[PDB]
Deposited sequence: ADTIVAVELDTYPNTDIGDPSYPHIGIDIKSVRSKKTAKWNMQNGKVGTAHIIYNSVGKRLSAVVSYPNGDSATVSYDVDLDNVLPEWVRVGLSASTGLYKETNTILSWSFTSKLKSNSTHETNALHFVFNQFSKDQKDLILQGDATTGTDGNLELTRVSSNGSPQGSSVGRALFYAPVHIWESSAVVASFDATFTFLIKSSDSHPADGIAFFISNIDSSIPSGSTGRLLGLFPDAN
């Protein structure tokens, strides 16, 4: 089974598996049941921004999700990722839909990891436009790149209609060296902008930024509440 650190933007409360009874941002460490959540007012059809911060000094995994009117939700969990994550990982964006559905449109994704000193090893990438054949992204499941310049993690119909029982992920092509014992500071940040839209009063299931073993793949059956991330809801 893969190892997952994720920040989930969970649009659909699955109260039978420990979701609060509201849409929430969450920090997930090796379980879909978030270690920490914050109530999130998903603004339907608006462009949201998620920013994810971690460094190995503070060891605080933090995420904010904001929309341009100003509504933000933030969540943090102190967690020592040296003890969770393989040294070398892939980083990715994941989304899913189940009985209910939403567009899980990515409009930009940036990522920076650094290992300083003690000098710096670093990876940074930015995608503000996704390309039809995006050679530095590993697309899994239903994830597709436009154009439009967007990354549709899950299936959207010809007529605009998001489809249920969809899951897809984008992972950056290069392995990322997330920690290294000799490093004084290991830090990462990620930001992505997304367009979650539902004509259903029931958007589902959400979007995650995730960190994974290098060979990570969509667990069989991880549509819906499992967010393309987990094989079960344990």
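Gaps between the deposited sequence and the modelled structure occur only at positions 119-121.
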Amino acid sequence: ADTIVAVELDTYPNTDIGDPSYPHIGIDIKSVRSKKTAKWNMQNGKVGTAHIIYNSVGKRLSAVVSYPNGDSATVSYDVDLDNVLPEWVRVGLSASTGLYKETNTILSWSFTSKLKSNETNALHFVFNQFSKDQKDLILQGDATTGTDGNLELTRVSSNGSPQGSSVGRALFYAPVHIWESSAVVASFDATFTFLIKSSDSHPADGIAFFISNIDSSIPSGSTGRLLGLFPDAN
From here on, numbers count along this sequence of modelled residues.
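Relative to one another, 91-99 and 139-147 have unequal mean CA B-factors, and 139-147 is the one with the higher figure.
Higher mean CA temperature factor between 70-78 and 103-111: 70-78, per the PDB entry.
Going by the entry's values, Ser199 shows the largest Cα B-factor out of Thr49, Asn55, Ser31, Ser199. Per the PDB record, residue ranking by Cα B-factor puts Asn83 in the highest third of the chain. Per the deposited record, the Cα B-factor of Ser157 falls in the highest third when ranked against the other modelled residues of its chain. Among the modelled residues of its chain, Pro175 has a C-alpha B-factor that falls in the middle third according to the deposited record. Annotation for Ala6: C-alpha temperature factor in the lowest third relative to the rest of the modelled chain, per the entry.
Residue-level temperature factors show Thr223 in the middle third of its chain, judged at the C-alpha atom.
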